[PDB]
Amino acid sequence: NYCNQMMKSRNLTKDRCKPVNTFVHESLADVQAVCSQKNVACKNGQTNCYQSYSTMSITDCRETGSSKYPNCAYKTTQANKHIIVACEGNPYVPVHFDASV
């Protein structure tokens, strides 16, 4: 399973199991460019989030309820949804994912 693999590699589940995790299959430039797009509030209230104009190719990785460290199972779900990230700093760049419209 892609999730078990990527998650494993990226050190996302090499010392704990992460419930959720979205991987974007678009160029980093394109993704970073989102920081100058539709400005909306994040779930945390703060209004420094920017929804993508278009839909990106993604992969929702969910931990199935039956798994426990050191064995983290992941349900892979491919999709094409708008992303919403929280940009901060200079250069303004994505530092938090937030949702997939």
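C-alpha atoms forming the largest set that superposes within 1.5 Å between two forms make up the rigid core. Residue positions are given as counts along the sequence shown, with the first one as 1.
- Farther on average from this form in 6 other deposited structures of this protein lies stretch 63 to 71, the comparison being between 30 to 38 and 63 to 71 by RMS Cα distance after core superposition.
- Judged by mean Cα B factor in the deposited record, 69 to 77 ranks above the other of 25 to 33 and 69 to 77.
- The stretch 83 to 91 shows the higher mean C-alpha B-factor when 83 to 91 is compared against 16 to 24 in the entry.
- Ranking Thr64, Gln46, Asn39, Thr59 by the C-alpha B-factor listed in the PDB entry places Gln46 at the top.
- The PDB entry assigns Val101 a C-alpha temperature factor belonging to the highest third of its chain's modelled residues.
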